[PDB]
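Proteins get letters first, then strands, A, B, ... in listed order; numbering begins at 1 in each. In listed order, ligands and their atoms are each counted from 1. Heavy-atom basis, side chains included; hydrogens, waters and symmetry copies ignored.
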Amino acid sequence: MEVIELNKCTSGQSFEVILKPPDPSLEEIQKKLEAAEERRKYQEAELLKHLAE
Amino acid sequence: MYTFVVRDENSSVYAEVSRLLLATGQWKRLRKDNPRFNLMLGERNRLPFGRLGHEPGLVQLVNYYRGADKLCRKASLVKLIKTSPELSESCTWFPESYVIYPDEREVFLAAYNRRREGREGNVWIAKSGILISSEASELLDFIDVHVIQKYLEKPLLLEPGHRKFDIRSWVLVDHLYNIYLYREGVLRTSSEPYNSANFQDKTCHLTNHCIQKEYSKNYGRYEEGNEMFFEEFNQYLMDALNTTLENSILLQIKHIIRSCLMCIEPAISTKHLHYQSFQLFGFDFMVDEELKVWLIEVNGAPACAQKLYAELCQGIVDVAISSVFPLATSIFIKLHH
Amino acid sequence: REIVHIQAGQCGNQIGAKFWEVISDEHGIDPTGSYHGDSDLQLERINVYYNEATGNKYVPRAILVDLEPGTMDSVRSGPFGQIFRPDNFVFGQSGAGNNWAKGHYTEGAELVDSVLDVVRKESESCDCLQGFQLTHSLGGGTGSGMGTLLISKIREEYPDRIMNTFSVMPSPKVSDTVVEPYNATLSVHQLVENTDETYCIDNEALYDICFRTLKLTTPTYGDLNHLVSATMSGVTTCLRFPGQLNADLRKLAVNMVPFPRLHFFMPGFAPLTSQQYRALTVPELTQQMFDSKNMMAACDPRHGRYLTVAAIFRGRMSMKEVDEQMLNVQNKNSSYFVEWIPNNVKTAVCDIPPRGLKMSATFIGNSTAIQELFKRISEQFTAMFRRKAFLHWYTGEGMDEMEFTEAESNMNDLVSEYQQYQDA
Amino acid sequence: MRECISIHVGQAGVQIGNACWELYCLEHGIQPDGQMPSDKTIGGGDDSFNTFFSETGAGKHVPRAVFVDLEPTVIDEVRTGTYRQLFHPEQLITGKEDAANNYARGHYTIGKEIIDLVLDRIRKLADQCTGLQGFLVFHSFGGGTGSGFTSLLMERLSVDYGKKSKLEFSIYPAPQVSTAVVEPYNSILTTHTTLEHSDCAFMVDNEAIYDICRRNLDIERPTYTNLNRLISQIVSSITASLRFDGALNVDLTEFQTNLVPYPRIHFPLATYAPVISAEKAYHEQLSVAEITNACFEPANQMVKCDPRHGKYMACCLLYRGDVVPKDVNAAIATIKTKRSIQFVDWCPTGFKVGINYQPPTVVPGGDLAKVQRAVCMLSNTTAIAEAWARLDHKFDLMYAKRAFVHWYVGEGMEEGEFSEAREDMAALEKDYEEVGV
Ligand SMILES: Nc1nc2c(ncn2[C@@H]2O[C@H](COP(=O)(O)OP(=O)(O)OP(=O)(O)O)[C@@H](O)[C@H]2O)c(=O)[nH]1
Ligand SMILES: Nc1ncnc2c1ncn2[C@@H]1O[C@H](COP(=O)(O)OP(=O)(O)CP(=O)(O)O)[C@@H](O)[C@H]1O
Ligand SMILES: Cc1nc2ccc(F)cc2n1-c1nc(N)c(F)c(Nc2ccc(C(F)(F)F)cc2)n1
Ligand SMILES: Nc1nc2c(ncn2[C@@H]2O[C@H](COP(=O)(O)OP(=O)(O)O)[C@@H](O)[C@H]2O)c(=O)[nH]1
Ligand SMILES: [Ca+2]
Ligand SMILES: [Mg+2]
Ligand SMILES: [Mg+2]
Ligand SMILES: [Mg+2]
């Protein structure tokens, strides 16, 4: 039970007690976003083609 | 209408417990993986405790205490007793044991030399398919996770037969952590005389039921199945030793059961948990020449004596299952605490 | 989030008429579209189904379609006839002769474009249109044949919108002509492809409920339509009244439809009293709403499995008892719910009860037992198609036998797809 | 002084955000009109509360917060509620059509169309900051917007604010409150995509908050307002160190330093006590030892799990009220002998303790009674992995049949993202296992 680094201020107090010692780029993001948009666009085209038949 | 699931097909005890449940017209069995269950008779290998108690509107109960393996694994039991102040290394009812990896290698030898130098009983036993020897070199070469323990060189021998035995006690712990000791035990006896100078003849030194059937000279000679119940054993202690089973042995057994279970209660209790646990335990004891009881092992997936499956299995339903899920002279001894 | 309503054919317009008569009463709107309610809860989501005309008059966002004028004249002369937008009556004079080909290919084709003009006009006046709901029967010609034609062309103009139908399935018990199985089989395939949610209303179930439960000797279509309008009111409670859930057709489909083609629901309603003054407890409401006798598809749910279930409780009632009873019916009969969709039962509540009831419960089940309705239609179809009986009515409109063979084939595929998610 | 920008996404994030900023104003003495009479530096200042509130020449204290939802029902309640005066229009972003409980719809379809607008509105707040620390992101796991759009926003934030910290407050789905059958899908999808972008995430299981509201507040059917007021108390206890004078957790970086040794395992468990019903009117005040003891009771945790069967990597105790270091050390010594507390071998067995003397403030007329002292424990324990296990299992049940997958594929997401996300979670579960063996 050791108390270390005790800091005191008007608002409160803090300390430590030891009991025992021991990314994707912007372009890459817009890529996958556009890829998903093209897959939706392709699926919608197939539907419209199906309805045209 | 209560619902339960069965996830351990090999369980003899709970196969009967499930039998009684269905036989009450108020319990229904579900698929193995149906999560809307009140009771789980779970598997003994990686039971998913983390998925219990999250079904809204279902009070869920399971037949195992998460964390009870510390007491039911031979390596864990030694470490639990040595490092638990409630039990202490000076524990008087547990044989001097040492855990060793193929660590307590130098500490086992530390006391070993004292026994060979003083010509004392230097017979030890290695457990985890075991080896009883009187030389450390022979024990360690066999290891190459095991535990080494002093062999009880002066055990109590039943007469006639001059034979060794061990006592199995069944203990049920419910969701309230009440400790119920089944009033009916069993002695698993060996048929052949205890040969103190031949530690290789496992028949006279191992009381296991499987060893006696396929490895014995007079299996079922004195009692059918090499199993003596408390009735005969008590009458024997009276006729032969002028004492009772309660006084000479049962007081120590109840003491040991309480000590072990109360030690781990803070670690496994489900008092304030989102699900409840109970579990049936099997305590194995050893009795020496002076009527001193020693704790051999504890197993959390134990079987029962054929003659006692009915009485004990319904005792489980009444004390552990119906106590949480009602339906509309006790066979257990409540160890108070 | 506006919804555009369409009712097509005799059955569609007579049921649709009663629907608007019912919910117009629940929202306190009189036949002249003038609001005379009591609570602001009535008007909070009024815009989902109604357009607000200048002067604080509310006009249903509904389009009435038929290939003959008889039924829509009786609607315009009916109780709430004046409430509908006059320009939203779109009708021809020839009729469809209970003929799917006439509704879908000949007579209907001649009229469909003008229906789409009215649909487009209503959509343009939507802040954020979310989809459409169509009321129709499948056994006739206009609702079935032209109704499905409409759905196909609506999908073409609004492919990212939700399509929802209340589809009355024919039954020999309550039949007008022998060709109903032909018309229903041709339509069901259209529905498989071109709707997101279809409430299956079996005229057989409606009849049995009127006879057996309501003790109505000699039920009429009017009696049948009372069950349907009451059921349609409950099923749309969330879309019409304030509650935790929003009036969202997409979220409903997202949670109810695990596989695209399996979007055919069994509706139920409770109570159903012959006694009407006695109060129902929450346990009674819950038990009845799950009872087969209270469901409208003439399918035994015990014969299949629930993929998902939606329930609505209306009225002042113990929320705690509701949750308890719902959790009870599940945990007590958990074998009839698929175990590979966790927590597939949703419960909704609404303080405002339907007219004349202290409390009500509506059931919306996506069950694999619905297959026996499609198998029933498929058996009747084949009994006649084996002999090409009555086909000349259809080949005379330009159809050929291959299109019938394909519809039969599509129907049996639908049945087998249900069979694989129940017992292999 | 370094500013913190709060971002609230979807219904859960926005409604919890509303409860938090309400509590902030009460704690800091800021009236609903934004005026703060105790602040004597009008229109400026670098006080601790300025990390969350900017100031205008007129003396209005404006939260450094952005609200984002794809439908305007929820956010319209902010711009018309008690604290409508605090926020200006640019801080509230509403779309027309929501994500319909669909991660893919929120991430790909709708996310792509509004991400730039959100980032621009955020950039506006950042421009007011002299030394931006980073962001606090509130959102649900289960909602289409909370899951799908948050993951997209977190990616772009890592791109546009690379050196800035990002902390999460995430609402874990519970059927008692659940709104959709597919929430396990959305939870796994958004965790996989957000994992490398979040420095420290505080998970809150609606099941735990729900039960706490029923047992401790005696509320039979807790509402979102009940839940969010209790959640805001926990959030307040966690952010107090950024808004008040102190020496513990004084900037966002310190949260990672003190609570997250391994970066992927950045989900510390929160435990709060005491939660007392306001209908009591005369409750016996719990002591420091008693409230500290309650921090090791599973029934007080923000996520139901058994820390007895895990390993601790760090532990912070955040007290508010009448607490002096002496009583804290006494309670820790007592609890250490009674309870099971195992740390990983490569970490010291200790507690960082912070004390703020101002006792917790409760919203007038709410359900929580005012107490003389309260504590929030932040412990990074492997036991929280039980929550991932539950979630992943429900995922596995549905995905084995591909149930509902067509709704996600229909939005442009590939079916492979399901398996990738699930595989990432399988690794996460394995990371916890190695640590807590
Ligand atoms: N604790 C708490 N949870 C909430 C609240 N609102 C919603 N939730 C939870 O959040 C999940 C649903 O996500 P939402 O945030 O409502 O949905 P969303 O982010 O708005 O996304 P979409 O509506 O699909 O566009 C469910 O699990 C709810 O239980 C709230 O106010 N408090
Ligand atoms: N220290 C010791 N001294 C004397 N005998 C011992 C001993 N340790 C074990 N034995 C004997 O070895 C037998 C088996 O030891 P063990 O504890 O491993 O049983 P077991 O675990 O293999 C089967 P069970 O789970 O039913 O007990 C005991 O029944 C006992 O007779
Ligand atoms: C529009 C509407 N009418 C309803 C009537 C009854 C009802 F229960 C829900 C209703 N919804 C509705 N509206 C929303 N806004 C939703 F988000 C939503 N979600 C939902 C639905 C079903 C399940 C499942 F569990 F059944 F699968 C799960 C989640 N359901
Ligand atoms: N429930 C109900 N069913 C109807 C009604 N009118 C017709 N039907 C059914 O609808 C089918 C006939 O279709 P109908 O709508 O009359 O033909 P349409 O005008 O060409 O669409 C048959 O199955 C009838 O049983 C009605 O008012 N109520
Ligand atoms: Ca200032
Ligand atoms: Mg054993
Ligand atoms: Mg007709
Ligand atoms: Mg939302």
Side-chain angles (χ1 to χ4, degrees), chain B residues 69 71-78 93-98 121 123-132 146-157 163-170 186-190 194 196 199 202-212 226-227 281-288 292 294-305, chain C residues 1 244-246 248 250-251 254, chain D residues 8-15 67-75 94-95 97-102 105-106 110 139-140 142-150 171 179-180 186 224:
Chain B
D69 49 300
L71 186 72
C72 298
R73 190 122 166 173
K74 296 175 183 177
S76 308
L77 182 57
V78 179
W93 43 258
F94 188 65
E96 183 184 15
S97 304
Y98 293 93
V123 184
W124 300 73
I125 182 180
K127 311 170 297 182
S128 75
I130 58 85
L131 164 65
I132 308 179
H146 275 71
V147 322
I148 301 176
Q149 192 169 66
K150 179 205 183 295
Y151 194 80
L152 268 292
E153 309 188 3
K154 307 158 83 81
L156 188 78
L157 300 185
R163 48 208 184 98
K164 181 179 181 179
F165 70 92
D166 78 321
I167 301 176
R168 158 63 65 83
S169 302
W170 292 281
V186 303
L187 279 67
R188 295 172 293 183
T189 66
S190 77
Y194 175 82
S196 180
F199 300 112
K202 295 184 176 184
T203 309
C204 314
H205 301 246
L206 277 60
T207 48
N208 325 35
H209 188 111
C210 75
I211 297 304
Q212 292 292 311
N226 285 17
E227 300 179 344
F281 293 92
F283 285 81
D284 303 322
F285 301 97
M286 191 75 221
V287 193
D288 68 3
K292 184 181 186 303
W294 304 83
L295 178 61
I296 294 182
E297 191 212 18
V298 191
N299 42 246
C304 186
Chain C
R1 290 293 278 173
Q244 308 185 235
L245 301 178
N246 302 322
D248 193 327
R250 189 172 297 282
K251 283 183 177 182
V254 168
Chain D
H8 316 277
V9 184
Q11 171 174 301
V14 170
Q15 295 193 150
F67 294 77
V68 189
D69 201 0
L70 305 182
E71 62 114 335
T73 301
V74 192
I75 280 185
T94 52
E97 211 170 15
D98 68 27
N101 294 148
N102 185 342
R105 191 172 176 90
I110 302 180
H139 68 103
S140 62
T145 299
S147 70
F149 182 77
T150 297
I171 302 308
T179 71
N186 302 336
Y224 280 143

Please could you name the atoms of ligand 2 that [X] approaches to less than 4.0 Å, counting only its heavy atoms?
X        : value
B/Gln149 : 1 (N), 8 (N)
B/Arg168 : 26 (O)
B/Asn208 : 13 (C), 14 (C), 22 (O)
B/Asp166 : 29 (O)

Any side-chain heavy atom of [X] sitting closer than 4.5 Å to one from [Y]?
X        : Y        : value
D/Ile110 : D/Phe149 : no
B/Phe165 : B/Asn226 : no
B/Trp124 : B/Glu96  : yes
B/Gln212 : B/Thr203 : yes
B/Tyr194 : B/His205 : yes
D/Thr145 : D/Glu71  : no
C/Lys251 : D/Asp98  : yes
D/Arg105 : D/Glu97  : yes

Minimum distance, heavy atoms only, to [atom]: which one of [options] is it?
atom                    : options                               : result
atom 16 (P) of ligand 2 : B/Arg188, B/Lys74, B/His209, B/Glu153 : B/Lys74
atom 4 (C) of ligand 2  : B/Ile167, B/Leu152, B/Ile130          : B/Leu152
atom 8 (N) of ligand 2  : B/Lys202, B/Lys127, B/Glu96           : B/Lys127
atom 6 (C) of ligand 2  : B/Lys164, B/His205, B/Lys150          : B/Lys164

Do me a favour and list the nearest non-hydrogen protein atom to [atom] with residue, atom name and distance?
atom                    : result
atom 21 (O) of ligand 2 : B/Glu297 OE1, 2.9 Å
atom 27 (O) of ligand 2 : B/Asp284 OD2, 2.5 Å
atom 17 (O) of ligand 2 : B/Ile296 CG2, 3.4 Å
atom 28 (C) of ligand 2 : B/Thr207 OG1, 3.8 Å
atom 9 (C) of ligand 2  : B/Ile125 CD1, 3.6 Å

Closer than 2.8 Å to the Mg ion (ligand 6), what protein N/O/S atoms do you find?
B/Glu297 OE1, B/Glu297 OE2
Before giving the answer on side-chain contact (heavy atoms from CB on, under 4.5 Å), spell out for B/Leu157 and B/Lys164 the whole-Å C-alpha distance, their side-chain angles and the decisive distance to 0.1 Å.
CA-CA 5 Å; B/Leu157 300 185; B/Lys164 181 179 181 179; 4.2 Å; yes
How are the rings of B/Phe285 and B/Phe283 set to each other: parallel, tilted or perpendicular (split at 30° and 60°)?
parallel
Could you check B/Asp166 against B/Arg188 for salt bridge (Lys or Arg N to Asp or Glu O under 4.0 Å), going step by step and ending with a plain yes or no?
CA-CA 5 Å; B/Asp166 78 321; B/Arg188 295 172 293 183; 2.7 Å; yes
For the CD atom on B/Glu153, are there more than 12 heavy atoms of other groups (residues, nucleotides or ligands in this structure) within a distance under 6.0 Å?
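Yes - once you tally the heavy atoms of other residues, nucleotides and ligands closer than 6.0 Å, there are more than 12.
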